[PDB]
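Form deposited in one PDB entry, single chain, as structure tokens, below.
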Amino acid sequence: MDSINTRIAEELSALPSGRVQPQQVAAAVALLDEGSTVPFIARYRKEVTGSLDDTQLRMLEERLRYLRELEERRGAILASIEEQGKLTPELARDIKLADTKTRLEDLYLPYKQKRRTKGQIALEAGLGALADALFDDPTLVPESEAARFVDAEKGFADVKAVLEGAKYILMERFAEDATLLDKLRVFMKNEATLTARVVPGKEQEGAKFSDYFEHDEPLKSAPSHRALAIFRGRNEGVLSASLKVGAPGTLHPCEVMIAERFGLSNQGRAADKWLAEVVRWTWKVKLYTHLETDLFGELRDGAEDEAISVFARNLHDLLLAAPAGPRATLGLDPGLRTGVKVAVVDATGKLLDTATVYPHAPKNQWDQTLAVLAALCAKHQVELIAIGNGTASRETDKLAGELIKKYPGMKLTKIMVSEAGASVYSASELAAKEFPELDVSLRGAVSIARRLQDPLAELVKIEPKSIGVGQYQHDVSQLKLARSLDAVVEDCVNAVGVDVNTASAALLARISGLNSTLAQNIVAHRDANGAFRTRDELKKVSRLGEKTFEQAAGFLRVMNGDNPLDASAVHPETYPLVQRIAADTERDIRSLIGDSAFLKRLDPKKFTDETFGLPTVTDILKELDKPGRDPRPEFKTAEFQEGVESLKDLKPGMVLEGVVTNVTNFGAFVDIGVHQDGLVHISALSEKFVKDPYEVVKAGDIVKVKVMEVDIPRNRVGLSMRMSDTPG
């Protein structure tokens, strides 16, 4: 559909990544529909899409779903209205122009199946004539008109009940008007104060929400975190939330709009006061609550999106952090009364020992604990201490600090690591399979040790939405959460790629085009038939068809096999092309690999064809130079803890701890330990808009910076605090 392609193109054009044409969107959609994954499309179909990247494609994917839902619904609405003989051309046009689901449903209201409501009941008793007569002629006396309608048997036993019935008929009719709804919604959005008040008597119980006990701010500007705090407090009965503009005996501005919409003016005619009563009730019973639900919903969606957007960035950072590699590690899972849980893993990640020690309050067995850890480190040649950042993490870091101090000879290094998902992991079936005889409390420590060695490999074991990377994570839409965090996992796993002969099932499942079943099939196959010698041998794995092979092959590496290309991200579909490059250059493929200078000299344009354009060939030449290059930076933590790194040794991509030495109105200068400050420009200080560097950082602040550029001749280093920034 053109309208969809165009719409998505423009939404995509509104990103910093720039202009995208409808033709690009159209191609990507077709690719996605046929079953191509985002990573596959981002990497191997750049020509078809104009080089849309992951971020661009994920968004396209999301907007494609929404817009399709919108279009499908729009159709059903037209069909339903036509079926009721109510599809005027005017209304048809309105439905055509509807840009949102909300606008669409508004227009549908009068034609929707009706519930057994007071108005509906009243109409069945014939009070429609009464409501009409009174609305049409306000000089009629409500009570007098109402008499001929009284019928106890139909549920309306007196004038009073008749008039209430008639009132509800007008109310519901008034409340289903699309033009008024939009007007009231827009007005409320632009003018209403979001109002949070503590529920009387829960001042202690809801002490966490004390900031919102008497809180007011514009609805249209309410930021994500306050919004999520308020809805949570409201959700646990501690707070109440409402919208205010708006009994001082004052007319609400929306009551005015309702009346004006329906040509009602209180001129003192016999029916005027009843009619104003109708308006008042329409507002207070139907419209306010309808609009509040719409506006609360919209505020929530927006705030959750923003919050989830932060979780997604945080997990991404976790998945792509420099692996410490095959080094013996002591994992510490901190705690107080439940103690510090301890695991020791060898270089391969194999568990060697465990313990539970109680160095902190209340047992305070500090020295005993130090002796235990010292003994473990010694008999297992531990190099690294991995410490989870949960409860008592600060006291545990101090403890490790004292261990290192007391035993310099061991040359230990301690690193703070995230506890994200450790507890969920330890209670999982996978973990129960991995360590059947190991207590649940001890499996966390194991995961903490292993995530230091290799965060990617360990964290893919855990259900992505359960990797807790922020506040309110459990409270947001879980569907939105999984949709976002799965995407992150998929993108990080495929960017790195895996050795198909060593990767776990959990890791294989996240490879483009694979799943749990295929992952297990692969692992079973290499267990039964030994290592795969080439990529093509994957075609012999059960259920691993041609379509699947296409999606996954480029991401699965065979190290040291019959074909040197299988160790790179060069796709098998382009093997003939690289064989043409070898023919033209009269060199065998094995000699090309690693020959940086020669490859650099090559002209990609000499080798493009109709299918494989310039993006593909240039990509191929990069891969020939450095096959399956790992996008993650080197681990150099010990080197930076000791302060023995120089500017010379920096690489773009390194994520490092820095200290702010000065803040200016254009950025902040940061010391990463190479005797030369880097400048973090104002907008590089945050993932969000920055108007004032002084609001974001101050001198002395420890920050996380990514090395953007290194200029050794000028002795300069470029730095960003946005992990989303690409050095190049």
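When you see a residue number, it is the position in the sequence shown, counting from 1. Definition used throughout: the rigid core is the maximal C-alpha set that superposes within 1.5 Å between two forms.
Keep in mind that the form deposited in another entry is not shown, yet the notes after this line are about it.
For the set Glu550, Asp317, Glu490, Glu164, a Cα shift of at least 2 angstroms between this form and the one not shown, after rigid core superposition, holds for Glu164 and for no other residue. Core-superposed comparison between this form and the one not shown: CA of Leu87 displaced by 2 Å or more. Core-superposed comparison between this form and the one not shown: the C-alpha position of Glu47 differs by less than 2 Å. After superposition on the rigid core, the Cα atom of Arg632 is displaced by less than 2 Å between this form and the one not shown.
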